[PDB]
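From first to last, the protein sequence lines stand for chains A, B, C, D, E and F.
The numbers in this note's numbering rise by one with no breaks, and the one at position 1 of the first sequence is 1.
Start counting at 1 in the second sequence, then tack on 103, and there's your number in this note's numbering.
Start counting at 1 in the third sequence, then tack on 855, and there's your number in this note's numbering.
Start counting at 1 in the fourth sequence, then tack on 897, and there's your number in this note's numbering.
Start counting at 1 in the fifth sequence, then tack on 1028, and there's your number in this note's numbering.
Start counting at 1 in the sixth sequence, then tack on 1126, and there's your number in this note's numbering.
Comments concern the structure below.
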Amino acid sequence: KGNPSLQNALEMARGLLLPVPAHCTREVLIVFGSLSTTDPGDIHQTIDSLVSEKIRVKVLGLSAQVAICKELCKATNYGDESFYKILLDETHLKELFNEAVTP
Amino acid sequence: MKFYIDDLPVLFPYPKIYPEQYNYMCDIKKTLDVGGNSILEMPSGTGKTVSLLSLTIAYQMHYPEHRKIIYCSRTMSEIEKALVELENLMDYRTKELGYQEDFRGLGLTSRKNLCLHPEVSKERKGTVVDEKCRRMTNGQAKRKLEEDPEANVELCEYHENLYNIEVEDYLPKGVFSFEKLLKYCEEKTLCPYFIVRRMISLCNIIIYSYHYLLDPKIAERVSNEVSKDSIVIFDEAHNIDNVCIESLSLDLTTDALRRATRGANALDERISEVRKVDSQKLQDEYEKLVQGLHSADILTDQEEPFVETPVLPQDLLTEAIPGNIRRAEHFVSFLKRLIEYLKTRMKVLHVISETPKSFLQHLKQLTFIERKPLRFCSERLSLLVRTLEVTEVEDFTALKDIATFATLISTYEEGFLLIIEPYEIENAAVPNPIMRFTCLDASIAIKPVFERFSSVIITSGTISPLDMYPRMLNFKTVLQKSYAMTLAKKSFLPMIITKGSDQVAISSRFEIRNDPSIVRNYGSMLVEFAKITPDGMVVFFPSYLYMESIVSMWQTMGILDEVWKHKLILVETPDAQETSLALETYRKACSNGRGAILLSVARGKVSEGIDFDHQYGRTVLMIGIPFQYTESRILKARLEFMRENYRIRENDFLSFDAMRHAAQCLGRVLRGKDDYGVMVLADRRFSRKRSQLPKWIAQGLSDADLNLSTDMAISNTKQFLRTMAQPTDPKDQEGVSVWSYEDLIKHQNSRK
Amino acid sequence: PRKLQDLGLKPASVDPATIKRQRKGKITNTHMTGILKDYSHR
Amino acid sequence: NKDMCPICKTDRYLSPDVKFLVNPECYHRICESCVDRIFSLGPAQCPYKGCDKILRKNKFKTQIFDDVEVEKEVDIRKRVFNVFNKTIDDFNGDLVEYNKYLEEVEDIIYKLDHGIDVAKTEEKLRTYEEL
Amino acid sequence: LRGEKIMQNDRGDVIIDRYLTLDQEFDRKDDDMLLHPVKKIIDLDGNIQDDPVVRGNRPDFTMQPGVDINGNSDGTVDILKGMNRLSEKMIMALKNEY
Amino acid sequence: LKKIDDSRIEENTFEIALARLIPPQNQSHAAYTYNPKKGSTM
Ligand code: SF4
Ligand SMILES: [Zn+2]
Ligand SMILES: [Zn+2]
C-alpha cells in the first residue's frame, strides 16, 4: 500500500553503503513498479550525492520508462543509458534478474 | 560533418544526419537556385530548424552573392530556440574551420523583452514600456537637458552609452540569443533593443516574428533596413494568415470612444494653451505642411511617430495634405466630429455588416468628411502630438485607435468589412456595443512580402493540406512536397477515440458541454491515461470556456481527485506570467518524476511555440476537435469572402483550421527520433478527417486505429509504452532512419 | 400590469391572482395474519 | 441635464415618450412636449434663463451627434457647403489652389463656430452666395 | 482550499471564515514567493508582449474567461489559479536543504 | 424607482411576511400561525 518514494529509498541506500570499504563496489538495484514518485526533497541532489559517492544504480522498471529513473541510471553509471531495464513478459523478468547477478 | 550538395559545402553540426534533413536540404538548395516561392512540410522530431539554418548559412557564405537571411518565426520562444540552434551551428563552424568568420546574428523583439532600465521593467504592458522609452529617448529630452541641466527630465544611461560607440562596435562578431545579449548588455550597461534595431541592416542573419514582416505598425523600419534580395524563411507558417488578420483588424468599444472624446478635449485644451503661449511652434508646422512634407520628411530617424502607420507603405499617398486638417484646430474639429459620428454609429439594436465604401458614403452624407483627410489623419495626429511636445500621452492613447480607424477604412475599399454588434458578449445584461473593422482577405498583408522578396521558404511542421495556402494567399509555388519520416520502429502512435468506455459517442460541440455522459467519458479516459502515463501529459481543449466548464464539472464530481494521486494538475491561465510559471512548474514536475498534467487550450499561448519534447510529452490528449465559435460574425464573414473569391467551402475551411490547430498541437511533441508519445484525439469527428492530417501523422495512423473505445485505447497505450522503452538494435537503424557520413556518401553515389 | 407596458413604464410586479392562473379483499394466509408489512413504494 | 428636460422637468422613467429636440439657433436641450406647449401658439423667446433669442417651431429638429458643439459644427458645415460646392475639377486639377480654398472655408467655418469675427465672414458668405 | 466553487447559500462556519480573507492575504504572499523571471525558452509573457501594438480582433467569449449576467467573473478562474498555486507550492517545497 | 425597476421584486404575501415578523407585545390575542382549510379555492 501507499505511494512510493525513490528519494527516501536512495537516501537509506546511501546510508547503508556509507560504511562499506572503498575496494567493494557499491551497487543499488531498484525494482520500481510504479510510474510516479513522491519525494520529500529535491531528487537531483540525491542523484548528485549518489554520483559523488560512486554508487551505481540499476533500475528494473515494470510498466514504462520513467524519466527520473532513466536520468538516475545514466548519471550513476558514467553515462551508460543501458542500465534502465523494462521487461516484456514473465520470462524476461527471469532474464533480467539472472543478468543482474553478474558483477 | 561536412558534406556536399552539388557545388555547395554544407557544415552539419552533428556527426549524424536524418535522411529527411538531407532531402529537405536538397529541395531548399534547388528552390534557392531556381528562385521563386515554396512550401515545405518537415515532420517534427527531425531537426528542421538546425538543417534549415545549416544550409542557409552555408549557401550565404559559399556563394559570392552573399544574400542576407530573414528567418521569420511565429513566437519569441521559437526565436530564442532558433538563436540557440544558430549558436550551436556557428560554434561548430568555428571549430571546424578553425576561425570565427565575419558573422552577425541578432534576434529582434519589443522593448519589453529588451529593457534593462531598473524603473521601467515591471510594467505588465509593453505599450507603457515603449512610451516611457520614447519619452526618455526621443532626443527632445536630450536637448532640453543640454539647454537646462537643472531640469527634472531624465535619460536612459543604456541608450546614452550607445552614442559613444560606432555601429560596428556595438557587439562582437558572432550570434547573440536574448539571454546572452541581455547578459552582455547588462555587463556593458547598454540597451539591446536599439543595438538590434541599428544592426538590422548589418546582420548576415536576423530572426524576428511575423508581425515585424506583416504588421505594418512596426514593420515600417524593419522592411526598409533589410536588403531586397534576401532569403526569407517562414518557420511554423501554418498560422500565418491569422497573423495577417491581426495585421489589419481593429476594435472600438463605447469605453474606447469615451476615452477618445476625453483625449480630444485634452487636445483642444492643449492646442488652446499652446496658441495662447507660443504660436510659432504651430506656424512652422503649418508652413511645413503647405509645401507637402510628409511624416518621414519632418520626423528625424532617431524619433518615431506617436501613432504608427496602420496601412501598407505602398498604399500611402505621396500627395500633399488636402488642407482640411492642415490647421491644428480644424484637424481637432475634424477628429472630434469623426469620433461623434462613430459614437452615433454605436447606438444600434441589430448587427450591421457593411463595406468600407458604404461606410464612407454614409459618413459623407451625414457629415462633410471626405476620404482624403481621413487617409492622412494618422500622420496629422502624429505631427500634431510631436509639435505640441506633450509630456504625458496616456489620455491620447485610445485616441490613436481612432486615427488607426481613420486610416484603415479610408484607404482600403475591397476585401475588408465592418461589423457593428449591439452585444459584445451575449450573456451580459447591459448592452455593450462593439465595432470591428475586420480583415477578410489574408493575402493583402502578405502581398508586399511576396512582391518585395524574390524567394521565400514557407515551412511549418504540420502545414496540411499543402495546396490550401497558394489559394488562400495569392502567390505561386515552384515546388510543394511533404516528406514521410522514415522509422525503424513506430515512434509515435496517433489514435482516434470516437466513443467512451461504455460505447457512448463523445464530442466537443459547444452546446453539449453540459451533458453529464461525455463528462463521465472524458473523466474516466483522463484518469486511466493518467494512471498509465509515465512522465507528463499535455491536454488540449477546443476553447477556454469549454475548459472552465469541464474542469468545474470534474472538480464537482471528483474526477480530478483521482488524478491528484498520480500527477499534479496544472492549468493555463489567461495571465501570461502565471501561465509561464505553470509551464515551468510542469517541466520541473516532469523532470523529477512526480508526474504532471498540463491542461491548456489548442488555440492559446501554450499550443504555439512551446515544445513538449522527450519526457514533457509522453501523452498528447486532444479533447475534441478545436473548431472556432461559428456564430461569431467575423468567422462567418471571412468564410463568405473566401467562398466568393477563393471558392473554398465554409465547412472545408472550418475543418482545415480545426485540423491545422490539432495538427500543430500534435506536432509540438516530437523532437528526435528516439522520442515517443501517443497522440490521442477524443472526438467522433476526427475519424472522417484523417486525410486532412499531415501525411507523416497520417501514415503513422493505421486504418485499424480510427474508431477506438477507451479501454482498448488504454491497452494500446500500455503496449506501446512497454515496447518503446526497450533499447533498440543499432543494426536496425544504422542506415535506414539515421545516416552517418559514409551512409550519406553511399546514398549520394547511389542516386548518381 | 398589462397596460403599464403599454404606457412605457416597466412594472416591478408579477401579475396578481385576478389575471388567469392555474379495496379490501380476503386473505388466505390466515395462520400468519399481521406479520406481513405493507409496501406501497419501492 | 442629460436625462431630464430642464423646462418641463419631466424625467425619462416617468415619461419614456419624450424626445430630443433642439433649436438650431441657440442650442438648448428641450423635449417635444415643451415644443408643442409654448411654440404652438406662436414664436417666443427661449424658456432657459439668460437666453431670449427669437426661435420658430418649424425650425426644430433632433441632434444626431448628441453633443451640442458638434451639432453646431455640422450645421455650420451644412449652412456653408451648400454654396461652397467647389471640387478639384472646378480648379481644373490644381491641387494647391483647392487646398488653400479648403483652408479658407475651414477657417470661415471655425470663425462662424466660435463667433470671434462672425460679422465680416457672414457678409463674405452672403456676397458669395449672391453670386 | 479543495477547489470547489464558493456559494453564498452555504452557511459555512462563523469562526473559521474570519481567516478566509487572511488566507487570501497568504495567496498574494504566495505570488510574492512564486513570481520569478523564467528562461526565454518558455517565456509566454514575452510571447504576448512580442509586439505591444496588437489591436486586432478581440477574442470572443469562448477564448475569454466566463462571466455572469452582471459581467463579473464566475470564479472558476479562481479555482484554476488555486490548483496552479497548489501545484507550484508542492514543487517549490522540494527545493530545500533536504 | 430607478433602482427598484433595475432590481427583482419578490411577490410577498401573509405567509412571506410571517417570516420576518417582530413581536408587538408579550401576549397577542391573535395567533400568527396560518390555519389551512379544506374546500377553499379563493
Ligand atoms: S533605451 Fe532600452 S533600456 Fe532604456 S528605457 Fe528604452 S528599452 Fe529600456
Ligand atoms: Zn420638456
Ligand atoms: Zn435658447
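We treat Cβ as the ideally placed atom computed from N, Cα and C, and that holds for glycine.
Proximity below 8 Å, CB of residue i to CB of residue j
i                      : j               : result
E183 (chain B)         : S312 (chain B)  : no
residue 1039 (chain D) : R430 (chain B)  : With chain D covering only 898 through 1028, there is no way to say anything about residue 1039 (chain D).
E181 (chain B)         : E339 (chain B)  : yes
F337 (chain B)         : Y844 (chain B)  : no
residue 883 (chain B)  : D371 (chain B)  : The structure shown does not extend to residue 883 (chain B), since chain B spans only 104 to 855, so no value can be given for it.
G564 (chain B)         : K151 (chain B)  : yes
residue 888 (chain B)  : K1117 (chain E) : Residue coverage of chain B in this structure runs from 104 to 855, which leaves residue 888 (chain B) outside it and unanswerable.
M628 (chain B)         : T470 (chain B)  : no
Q405 (chain B)         : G626 (chain B)  : no
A679 (chain B)         : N1075 (chain E) : yes
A369 (chain B)         : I442 (chain B)  : no
residue 73 (chain B)   : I751 (chain B)  : Here chain B comprises residues numbered 104 to 855, so residue 73 (chain B) is not present and cannot be evaluated.
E260 (chain B)         : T292 (chain B)  : yes
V325 (chain B)         : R301 (chain B)  : no
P637 (chain B)         : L824 (chain B)  : yes
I609 (chain B)         : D786 (chain B)  : yes
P536 (chain B)         : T688 (chain B)  : no
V772 (chain B)         : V641 (chain B)  : yes
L590 (chain B)         : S840 (chain B)  : yes
Cutoff 7 Å; reference residue i; Cβ partners in own chain excluding five residues on either side
i                     : result
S758 (chain B)        : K792, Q795
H169 (chain B)        : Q163
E432 (chain B)        : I374
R474 (chain B)        : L463, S513
residue 896 (chain D) : Nothing in the structure corresponds to residue 896 (chain D), since chain D is present only between 898 and 1028.
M1111 (chain E)       : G1031
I1148 (chain F)       : none
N191 (chain B)        : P116
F730 (chain B)        : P645, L757, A761
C905 (chain D)        : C928, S930, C931
Own chain, CB closer than 8 Å to residue i, minus 5 neighbours either side, in chain order
i                     : result
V329 (chain B)        : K171, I173, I303, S304, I309
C902 (chain D)        : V915, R926, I927, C928, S930, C931
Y749 (chain B)        : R574, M575
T907 (chain D)        : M901, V915, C928, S930
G395 (chain B)        : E422, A423, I424
residue 864 (chain B) : The shown model of chain B, from 104 to 855, leaves out residue 864 (chain B), and the question about it has no answer.
Sequence-distant residues of the same chain with beta carbon closer than 6 Å to residue i, five excluded per side
i                     : result
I47 (chain A)         : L72, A75
residue 869 (chain B) : Here chain B covers residues 104 to 855 and nothing more, so residue 869 (chain B) does not appear.
residue 55 (chain B)  : A question about residue 55 (chain B) goes unanswered here, because the residues of chain B that appear run from 104 up to 855.
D1096 (chain E)       : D1102
> Are the region 135-145 of chain B and the region 570-586 of chain B touching, with three or more C-beta to C-beta distances below 8 Å?
Replying inline: Yes: the two stretches touch, three or more of their Cβ pairs being nearer than 8 Å.
> Can you find at least 3 beta carbon pairs, one from the region 621-641 of chain B and one from the region 718-729 of chain B, that sit closer than 8 Å?
Replying inline: In short, these stretches touch, since the Cβ pair count reaches three.
> Which residues, in chain order, does the region 1062-1076 of chain E contribute to contact with chain B at a C-beta distance below 9 Å?
Replying inline: Along the region 1062-1076 of chain E, the positions whose C-beta sits under 9 Å from a C-beta of chain B are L1062, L1063, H1064, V1066, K1067, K1068, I1069, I1070, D1071, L1072, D1073, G1074, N1075, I1076, read in chain order.
> Is the region 396-415 of chain B touching the region 500-511 of chain B, taking contact as three or more C-beta pairs under 8 Å?
Replying inline: Three or more pairs of CB atoms, one per stretch, sit closer than 8 Å, so the region 396-415 of chain B contacts the region 500-511 of chain B.
> Residues in the region 863-895 of chain C with C-beta within 8 Å of chain D's C-beta atoms, listed in sequence order?
Replying inline: Taking 8 Å as the Cβ-Cβ cut-off against chain D, the residues of the region 863-895 of chain C that qualify are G863, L864.
> What residues come near ligand 2, if near means a beta carbon less than 7 Å from any of its heavy atoms?
Replying inline: Cβ atoms closer than 7 Å to ligand 2 belong to D:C902, D:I904, D:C905, D:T907, D:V915, D:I927, D:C928, D:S930, D:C931.
> What residues from the region 913-935 of chain D come within 9 Å of chain C, judged by C-beta to C-beta, listed N to C?
Replying inline: Here the close residues are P913, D914.
>> Under 8 Å, with one C-beta from each stretch per pair, do the region 696-703 of chain B and the region 653-673 of chain B reach the 3-pair mark?
In response: Enough Cβ pairs lie closer than 8 Å, so yes.
>> Between the region 225-238 of chain B and the region 207-217 of chain B, can you find at least three pairs of beta-carbon atoms closer than 8 Å?
In response: Touching, yes.
>> Output needed in chain order: residues of the region 686-711 of chain B with a Cβ under 9 Å from some Cβ in chain E.
In response: Contact residues of the region 686-711 of chain B toward chain E are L686, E687, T688, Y689, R690, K691, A692, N695, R697, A699, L702, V704, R706, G707, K708, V709, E711 (C-beta to C-beta distance below 9 Å).
> Should the region 521-541 of chain B be called in touch with the region 421-430 of chain B, which here means at least 3 C-beta pairs below 8 Å?
Replying inline: Too few Cβ pairs lie closer than 8 Å, so no.
> What are the residues of the region 28-55 of chain A that lie near chain E, defined by any Cβ-Cβ distance shorter than 7 Å?
Replying inline: For chain E, the residues of the region 28-55 of chain A that bring a beta carbon within less than 7 Å of one of its beta carbons are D39, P40, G41, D42, in chain order.
> Per the contact definition of three or more C-beta pairs closer than 8 Å, is the region 449-459 of chain B in contact with the region 549-559 of chain B?
Replying inline: Contact between the region 549-559 of chain B and the region 449-459 of chain B is absent: fewer than three C-beta pairs spanning the two stretches fall below 8 Å.
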